[PDB]
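A.B. asks: here is my input; please provide its structure:
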Amino acid sequence: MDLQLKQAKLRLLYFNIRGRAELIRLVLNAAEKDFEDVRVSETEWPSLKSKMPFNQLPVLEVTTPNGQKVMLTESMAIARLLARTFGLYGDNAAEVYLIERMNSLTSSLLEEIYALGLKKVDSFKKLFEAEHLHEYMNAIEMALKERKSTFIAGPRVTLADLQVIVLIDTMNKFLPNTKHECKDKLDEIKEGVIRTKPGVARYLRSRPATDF
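C.D. replies: Numbering: from 1, shown residues only. Please find the structure below.
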């Protein structure tokens, strides 16, 4: 049941976007754990999907040091497993609550942003939005302003600070003009991840420039 992820061969299968696998890429690069970053095209997906157990990406294909191949699914479960493996998931239940409180907020905001941008036809679409996303934005901003530590859950980077990067980069693409104080507070966290996780700094510099 122990996959020995520190030493296991890892292959990440996902599309060539940030999307929902970027958090996993950020964890692995923060830990400086090598992995094959396999970026699948929608053209390849039907046959890969057909030849493979799973039906949804991302999948983390793990080959343990003893040679056993295991296909892990569910993006957040994978990310948290990897975070725990590499010391990026806090040291006690109270720190983890801080991680998961923030990840709940930012995961919610992310999915809400993801769902916007797919209903542009007719009727009256001047109908107001924002207040949903605003609600998440002030909760995040309030939490970041109230914290008594450098990062979200303490003095060191955890998974929640990494997901803040995913959120920032989604906001700057989907919501370029949106000006709100939560963006500044999120950018502070990103700056500290870059400063303290040289593997992330290098990865962010070198990763493909994509829209999604």
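
A.B. asks: measure the one residue sitting closest to the centre of the chain to residue 191 for me?
C.D. replies: Nearest to the mean C-alpha position of the chain, by Cα atoms, centre = their mean, lies residue 23 at 2.6 Å. In this view, residue 23 and residue 191 are 18 Å apart by Cβ to Cβ, to the nearest Å. All C-beta atoms are positioned from the backbone trio N, CA, C, and that covers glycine.

A.B. asks: residue 184 falls within a helix, correct?
C.D. replies: Yes: applying DSSP: H, G, I helix; E, B strand; the rest coil, one finds residue 184 inside a helix.

A.B. asks: neighbouring contacts of the longest helix anywhere in the chain?
C.D. replies: Counting residues, the longest helix found in the chain (DSSP state H) is helix 93-115. Applying Cβ atoms under 8 Å, 6 or more residues apart in numbering, the external contacts of helix 93-115 come out as 76, 89-90, 132-133, 136-137, 139-140, 143, 147, 152-154, 158-160, 163-164, 166-167, 170-171, 174-175.

A.B. asks: the same query, at a cut-off of 6 Å, please.
C.D. replies: Outside helix 93-115, the residues that touch it by Cβ atoms under 6 Å, 6 or more residues apart in numbering are 90, 132-133, 136, 139-140, 152-154, 158-160, 163, 167, 170, 174.

A.B. asks: go on, stretch 23-35?
C.D. replies: Here stretch 23-35 has contacts from 10, 12, 78-79, 82-83, 86, 162-163, 166, 197, 199-200, 203, using Cβ under 6 Å, 6+ apart.

A.B. asks: just stretch 70-86 next, same as before
C.D. replies: Residues from elsewhere that reach stretch 70-86 (Cβ under 6 Å, 6+ apart): 5, 20, 23-24, 27, 31, 53-54, 58-62, 89, 159.

A.B. asks: roughly how far is the longest helix of the chain from the heart of the chain?
C.D. replies: Put simply, helix 93-115 sits 10 Å off its chain's centre (Cα atoms, centre = their mean, to the nearest Å).

A.B. asks: returning to that earlier point: of the contacts of helix 93-115, which belong to helices?
C.D. replies: 132, 133, 136, 139, 140, 159, 160, 163, 167, 170, 174.

A.B. asks: and the two most separated of those residues?
C.D. replies: The span of these, defined through Cβ to Cβ, is set by 132 and 159 at 24.3 Å.

A.B. asks: same for the top strand by length along the chain, what does it pack against?
C.D. replies: Taking DSSP state E as the criterion, the chain has its longest strand at strand 9-15. Counting by 3 or more Cβ pairs under 6 Å, 6 or more residues apart in numbering; DSSP states H and E, the packing neighbours recorded for strand 9-15 are strand 36-40, strand 59-63.

A.B. asks: distance of residue 114 from residue 82?
C.D. replies: On the measure of Cβ to Cβ, residue 114 and residue 82 end up 22 Å apart.
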